[PDB]
Amino acid sequence: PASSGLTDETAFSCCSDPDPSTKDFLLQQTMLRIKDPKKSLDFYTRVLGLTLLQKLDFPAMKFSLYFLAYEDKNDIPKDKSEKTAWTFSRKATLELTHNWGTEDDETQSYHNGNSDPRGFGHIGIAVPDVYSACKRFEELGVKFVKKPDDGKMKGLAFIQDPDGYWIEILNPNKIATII
Amino acid sequence: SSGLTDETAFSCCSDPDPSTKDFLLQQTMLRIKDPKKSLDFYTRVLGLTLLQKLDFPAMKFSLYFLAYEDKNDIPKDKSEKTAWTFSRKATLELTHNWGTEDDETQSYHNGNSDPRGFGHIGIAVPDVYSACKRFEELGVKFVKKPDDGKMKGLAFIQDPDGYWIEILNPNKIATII
Ligand SMILES: FC(F)(F)Oc1ccc(NC(=S)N2CCc3c([nH]c4ccccc34)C2)cc1
Ligand SMILES: [Zn+2]
Ligand SMILES: [Zn+2]
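Protein sequences, first through last, are from chains D and C. With our numbering, letter number 99 in the first sequence gets 152, and the count goes up by one each step, no holes. With our numbering, letter number 148 in the second sequence gets 157, and the count goes up by one each step, no holes.
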């Protein structure tokens, strides 16, 4: 017969315990290409409150990388080598990739993964209060894909960044409510 | 061209608003064709733990949450488990739309060919060369071997959907830059 999703039993049976060699692995980054770092940096820092950990430039290859994360800026090492080893050992960073010149091209944009052809869906941020977070987002001119009370899943939002990537806004202590 | 100067970049950065103080970067969502290949890949090859599984029969999809977390840390009772899962940093939400697994004319787009957007997720590891040795041994497909290309000591592998996963050592990137 055709799909009905895996039962917990089938799902749970596909799960292995971590091999000891993987014990110090961490999920360090999600990389997204960005058209204009001026817009993106302003959005991710001012709207969402993330910090720029490091900027890396690769002139020969004509791109820059910007690493953003929820980290205290006073924790960032000043020295470029110690900064680099710190940035790349932090959990949950965003690597924003700037291919030089895209900001000047008015016919160029990246694809957000949510229309054909689909793949990547979104990043997601946990906040203590979705409704107050989104009220602030609204006051700052943030574009919404889904307002918190819109649609089936009440109490949950999606906003877009300056490239159009979707960002889920959720409250971990109330997700239990909205099945 | 020539990129942003540090002064231009840094000048676009605001200090965080206090209302954002408890925000955390909780998930990256990827759509997956076959949850069987994927759970196997991410748990066994990569060593992540399945925190939780969610089903939405009305909409015909399931969500699988994976993260590097000790399973003995997972709340046993089903309600508080969810609030734990959704408060962990750096989880992967894998989205399975029912039926894609049986379809041979379907695959998802990895973001690295036209039209580009998403690039990859990235895993920091203590030793890239032994990790990739183990990966080779389990039959993992590579996009870039660690010694392949200019940037030595850094690898890209593919998951069962074709998404790229960077494999890196934070203490050797400083050398690599
Ligand atoms: F043109 C843009 F817009 F920049 O779009 C892109 C999109 C993706 C990339 N990155 C690619 S294509 N790869 C990563 C590293 C790598 C590839 N083959 C290899 C063979 C040997 C060693 C390393 C590699 C493939 C570079 C530029
Ligand atoms: Zn990367
Ligand atoms: Zn999500």
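All residues carry an ideal CB built from backbone N, CA and C; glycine is no exception.
When the Cα of residue i is compared with those of the options, which residue comes out closest?
i	options	result
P54 of chain D	C:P25, C:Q61, C:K90 and C:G108	C:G108
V54 of chain C	C:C141, C:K159, C:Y172 and C:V152	C:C141
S66 of chain D	C:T58, C:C22, C:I41 and C:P25	C:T58
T160 of chain D	D:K88, D:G194 and D:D61	D:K88
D95 of chain D	C:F32, C:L75, C:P25 and C:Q35	C:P25
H118 of chain C	C:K46, C:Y172 and C:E146	C:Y172
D79 of chain C	D:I220, D:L79, D:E192 and D:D125	D:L79
residue 189 of chain C	C:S116, C:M38, C:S88 and C:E89	Past the boundaries of the shown model lies residue 189 of chain C; chain C is included only from 10 to 186, so the question cannot be answered.
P112 of chain D	C:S10, C:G131 and C:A183	C:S10
residue 213 of chain C	D:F116, D:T98, D:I129 and D:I222	Residue coverage of chain C in this structure runs from 10 to 186, which leaves residue 213 of chain C outside it and unanswerable.
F127 of chain C	D:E156, D:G194 and D:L147	D:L147
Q213 of chain D	D:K91, D:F116, D:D202 and D:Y97	D:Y97
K205 of chain D	D:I231, D:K227, D:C68 and D:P130	D:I231
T29 of chain C	D:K199, D:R189 and D:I220	D:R189
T60 of chain D	C:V152, C:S23 and C:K62	C:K62
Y73 of chain C	C:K98, C:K45 and C:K150	C:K45
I182 of chain C	C:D136, C:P169, C:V152 and C:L147	C:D136
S71 of chain C	C:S116, C:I132 and C:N106	C:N106
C68 of chain D	C:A18, C:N178, C:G56 and C:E110	C:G56
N178 of chain C	C:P169, C:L103 and C:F165	C:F165
Taking Cβ positions only, does residue i come closer than 9 Å to chain D?
i	result
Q167 of chain C	no
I132 of chain C	yes
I182 of chain C	yes
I186 of chain C	yes
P155 of chain C	no
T104 of chain C	yes
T52 of chain C	yes
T91 of chain C	yes
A18 of chain C	yes
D64 of chain C	yes
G148 of chain C	no
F127 of chain C	yes
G162 of chain C	no
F151 of chain C	no
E175 of chain C	yes
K45 of chain C	yes
Please check if any C-beta of chain C sits within less than 9 Å of the C-beta of residue i.
i	result
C187 of chain D	no
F116 of chain D	yes
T75 of chain D	yes
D216 of chain D	yes
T83 of chain D	yes
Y123 of chain D	yes
residue 238 of chain D	Residue 238 of chain D is absent from the structure shown; chain D starts at 54 and stops at 232.
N165 of chain D	yes
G154 of chain D	yes
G58 of chain D	yes
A145 of chain D	yes
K131 of chain D	no
Taking only three categories from DSSP, how would you classify residue i?
i	result
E102 of chain C	strand
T83 of chain D	strand
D182 of chain D	coil
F32 of chain C	coil
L94 of chain D	helix
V195 of chain D	coil
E113 of chain C	coil
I228 of chain D	coil
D72 of chain D	coil
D110 of chain D	strand
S20 of chain C	helix
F116 of chain D	strand
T14 of chain C	coil
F190 of chain D	helix
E89 of chain C	helix
Next item on the list: Examine the Cβ distances between the segment 165-172 of chain D and the segment 92-103 of chain C and report whether three or more of them are shorter than 8 Å.
Entry: no
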